[PDB]
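Overview (structure and organization)
For reference, the chains in residue letters:
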Protein chains: 4
Amino acid sequence: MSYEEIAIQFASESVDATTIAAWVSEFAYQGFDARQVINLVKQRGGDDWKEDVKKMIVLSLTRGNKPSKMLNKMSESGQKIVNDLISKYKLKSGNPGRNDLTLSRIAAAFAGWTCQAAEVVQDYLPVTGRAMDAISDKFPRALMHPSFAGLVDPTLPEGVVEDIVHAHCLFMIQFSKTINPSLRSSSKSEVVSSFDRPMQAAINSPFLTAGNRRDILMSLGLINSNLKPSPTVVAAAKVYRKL
Amino acid sequence: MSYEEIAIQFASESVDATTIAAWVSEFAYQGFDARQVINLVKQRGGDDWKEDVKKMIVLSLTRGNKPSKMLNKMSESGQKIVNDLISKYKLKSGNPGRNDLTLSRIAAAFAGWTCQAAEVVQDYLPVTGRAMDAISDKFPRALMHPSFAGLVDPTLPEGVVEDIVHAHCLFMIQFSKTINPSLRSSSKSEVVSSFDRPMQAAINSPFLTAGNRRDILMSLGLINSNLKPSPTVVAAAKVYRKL
Amino acid sequence: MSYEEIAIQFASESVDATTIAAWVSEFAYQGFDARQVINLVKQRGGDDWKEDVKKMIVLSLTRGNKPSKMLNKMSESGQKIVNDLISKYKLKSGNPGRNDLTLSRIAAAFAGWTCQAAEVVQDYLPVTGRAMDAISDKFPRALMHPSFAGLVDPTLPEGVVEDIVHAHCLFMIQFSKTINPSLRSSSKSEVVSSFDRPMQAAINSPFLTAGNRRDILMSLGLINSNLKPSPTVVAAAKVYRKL
Amino acid sequence: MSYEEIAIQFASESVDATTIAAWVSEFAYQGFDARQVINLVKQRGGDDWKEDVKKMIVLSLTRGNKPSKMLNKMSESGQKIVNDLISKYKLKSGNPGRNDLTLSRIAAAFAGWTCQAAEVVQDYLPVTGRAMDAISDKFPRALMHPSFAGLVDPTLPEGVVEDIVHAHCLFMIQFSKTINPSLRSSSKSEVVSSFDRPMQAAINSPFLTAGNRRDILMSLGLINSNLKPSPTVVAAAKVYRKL
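Notes on helix α1 (residues 3-10) of chain D
Here α1(D) has its buried residues at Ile6(D), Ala7(D) and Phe10(D). End-on, the buried residues of α1(D) take up no more than an arc of 95 degrees, which puts them together on one face.

Comments concerning the interface of chain A and chain B
Contact with chain A, which involves 26 residues of that partner, is made by 42 residues of chain B. Both sides of the chain A and chain B interface together cover about 3,100 Å² of buried area, and 67% of this is carbon and sulfur. Looking only at chain A, the three residues that lose the most surface to chain B are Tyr3(A), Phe10(A) and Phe27(A), adding up to 26% of its buried area. Summed over the shared surface of chain A and chain B, the number is three salt bridges. Note that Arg98(A) and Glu76(B) form a salt bridge whose closest N and O atoms lie 2.9 Å from each other.

So, the arrangement of the chains
At no point do chain B and chain C touch; the closest pair of C-alpha atoms across them sits 18 Å apart. Nothing in chain A touches chain D, and the closest approach of their C-alpha atoms is 18 Å.

Considering the relation of the copies chain D and chain C
Overlay of chain D on chain C (RMSD 0.0 Å): rotation 90 degrees, translation along the axis 0.0 Å. Viewed as a symmetry operation, the transformation between the two copies matches a four-fold axis. In terms of C-alpha distance to the rotation axis, chain D has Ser182(D) as its closest residue, with the C-alpha 8.9 Å off the axis.

Digging into the nonpolar core
Residue and element names in this part refer to chain B. If you look at the biggest cluster of nonpolar residues, it comprises 78 residues, and the most contacted ones within it are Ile57, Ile106, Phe110, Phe148, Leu151 and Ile164. Looking at this core, the element that brings in the most residues is helix α10 (residues 158-179), giving 11 residues. Look past the residues within four positions of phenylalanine 148 in its chain and what remains in contact with it is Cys115, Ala142, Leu143, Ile164, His168, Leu217 and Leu222.

Some details on the packing of helix α10 (residues 158-179) of chain D against helix α14 (residues 231-241) of chain D
Two numbers describe a pair of packed helices, the interaxial angle and the distance between the axes. Residues and elements named next belong to chain D. At a minimum axis separation of 8 Å, α10 and α14 run at an interaxial angle of 65 degrees. For the pair α10 and α14, the crossing hand works out as left-handed. For the pair α10 and α14, the contacting residues are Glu162, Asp163, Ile164, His166, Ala167, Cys169, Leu170 and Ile173 in the first and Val233, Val234, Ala236, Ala237, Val239, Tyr240 and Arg241 in the second. Here the contact of α10 with α14 is built from residues that sort into 11 nonpolar, one polar and three charged.

Notes on the pattern of salt bridges
The final tally for this structure, using the stated rule, is 36 salt bridges over all chains. For the salt bridge of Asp133(A) with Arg141(A), the shortest nitrogen-to-oxygen distance reads 2.8 Å. A residue is classified by how much of its surface remains accessible, and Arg141(A), at 12% relative accessible area, is buried. Ionic pairing is found between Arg214(A) and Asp153(A), a salt bridge with its closest N-O pair at 2.9 Å. A residue pair is termed long-range when its members are at least 10 positions apart, and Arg214(A) in helix α13 (residues 210-219) and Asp153(A) in the loop between α9 (129-135) and α10 (158-179) qualify at 61 residues. A network of salt bridges, in which partner residues are shared, links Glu13(A), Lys50(B) and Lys54(B).

Conventions we followed
- Residues numbered from 1 in each chain as written, not as in the entry; some residues may be left out.
- Chains lettered and ligands numbered in written order.
- Heavy atoms only, no water.
- Buried < 20%, exposed > 50% of the residue type's maximum accessible area, 1.4 Å probe, protein only.
- Helix = DSSP H or I, 4+ residues; strand = E, 2+ residues; numbered from the N terminus.
- Arc of directions from axis to C-beta.
- Contact = heavy atoms within 4.5 Å.
- Buried area = accessible area lost by both parts, 1.4 Å probe.
- Salt bridge = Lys/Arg side-chain N within 4 Å of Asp/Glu carboxyl O.
- Least-squares fit on C-alpha atoms.
- Core = buried A, V, L, I, M, F, W, Y, C linked by side-chain atoms within 4.5 Å.
- Axes fitted to C-alpha atoms, helices over the stretch in contact; angles between N-to-C directions.
- Left-handed = near helix turned anticlockwise from the far one by under 90°.
- Nonpolar A, V, L, I, M, F, W, Y, C, P; charged D, E, K, R; others polar.

In structure tokens:
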């Protein structure tokens, strides 16, 4: 049997949809899973994990997602802390597997806290609160981090979802540019292409129920108990819409 | 004898065409060889190789050609399977030598099967069947993978070859863009430059005789027994030609 | 307690500004510190450190900041010297931590000397003295190195600071282009973006008092004792301003 | 003594021109040196070195300057030869130090032979003889390799040097594009920028006297004994000049 015959016969082999469907499932893309981040954090962090998480989130907010490159520009007291978190939590950088932790992932899993901390550390964010104020005045700090996306309640009146997203998008434009100078001249449709996929994924994620997300938005002052967004959020949405 | 003299004399050394021709042959570029892929698969895979090949091809269709980067976004049950294929077949990524296997190579060697499987896993392809439907309606799924090129019978009436290629090119445009975002704004002549060399190589490859390729195209419903392409294939060729 | 509940409760955890402020401090960005370069140089260099520093600075001026890539295009006598400096001072390349030395850092810490040496080795600089003469005649060599920025006295009459900076910027344009060919076609606002951040940082750095910087500028002949810049410096500032 | 004082005093340290000049010499850029390539080849190659050099040059002409990446697309008989040359001559790729050999360097050191071989292996060159024929008919194959630059006698009548260079430049345009697709759309002044520095260096190199270079050009049929270039070379120079 020549190689040719072998290849021809193979084209006549069964193509069973049922068996293949199962394989696709095994091979399926496994995305971000906040539940697994929380698992890893709890297992590795022991009893003091919550305090560790807050430290790691403040770390992420002010210094980004590369914990080793971070050490090359840090006081020696800070390094004792960061090296200790790295070891305890086996911290990685960039985009590894489902059993690895990153500052970004941790910040995302605990978004509701991340976004309150951003208000506190606003003067030390890649894009600053004041920097945003210049674009839209009194810009809501709770919006100023990518993890906010996971706090959006999509069952809200469509007009309101739209105002919240658009206001966050305005921040994401400055942010995405600041993190990738390759975009600082790109078009607005282009910059938005660089974050809208994972943004939509978090908006429509099954982690945190609609009610849960809504309750957090009310605590942040983003919407009142009557579902009406802050003037400050509508304002920023206007500026975004004058694209 | 100075270095100068040595270099001058060397310019007077023999330039024998016969001896050099042989050297060029030894040094010649050895391209893709489906026969050698089949060899390696058979040797390494033992008796269950065919089932393994199908698994590897479904893997390629849905997750691409980097099997290790693939593990970082896969369920744990899938990883047992993929790690096992990697070990058994010594799977590599990208473009290694003539004694190495890759998902892409395997998918290419068994193109006739690859292209039927793409119809089954169409909703999980980089560019989806429905996505193509928007560009040209009822777009033939059998075309939707680069390995299809090797199934083209070039001895067919030129008009028909042209319709089949052009229809496949329309898919290759979406595909090539989806795999390289650096092209998502490039011109159509530019995108096509990114795949037409290896495409032509497979169209004019001596692996699978004209009759063999033709027989597979008839099985796929791409042409009838009278050598006339599906309306659906002519349709897509029109859309490609309005470039 | 589900992962959901855990994440919700965590959003209600304390956000104490005082404790967080301290963390930001620990995690704060630690920039270039000339004092620490001098420390490392003194510790590692022993008694002959000053001569070593001069050698390392002449090295930087003529061959750049990558000491290993440098060895691949150096006489064998030079390599004995460079390998010896590398070992003694544990020389690194690019941008490492606060306990590492680089030619660039050393050249910057000792800017007042660096800029006199540039006058001596002007024909062997990336951008040459004569090359600058073509742009603005008799261009002041003391300006022709990035470390000059740290010698600027910002308490000077604003008009004078402006002339000194602008004249240095004209050099920095040629320099920045020569070091990054990716800019050789870029706009002038774009090239300037590639050096003005660290330039401003050194102009407004607390290392070297205003009086100290001013005294060095007078020694270099850049300003007279009456605070009036060289004609040659005003000249170059004009050319820069016709951007 | 504060760090400040130490830095101020250091600015008053001697700047002796004589001592510094010597350092610049030690640190000077050491470029390509054909004499040293010939040395390394002779030492490492033993008695059969000339045959080895010819093999290595035919290798360079048809497969480029990366000998390991080369093995991934080579017959198994060729690999026995190439691996043997690699070991014997300690072959490297890209741009290493003065004690390392590369196919490119070897081809350059023996340019007079390299350029005759290119005539023999013309159908297997990155840019082919026929490909050049389309641009300028009967294009002189002896020009079709970068090493040719070292064969130019610059003491020739300026008009003739100009015709020879320009004709070679036309090849270098196709070549430089073929090797760097990043240029396949670039302007002609831009492409030429990518090879004219080392080209000029070889034209004005002190390796091979004017008389030596001239004698080789006559052997190649590029000029007659009366210093008049082939019609075919003037022709190609015209096409280059219609830039």
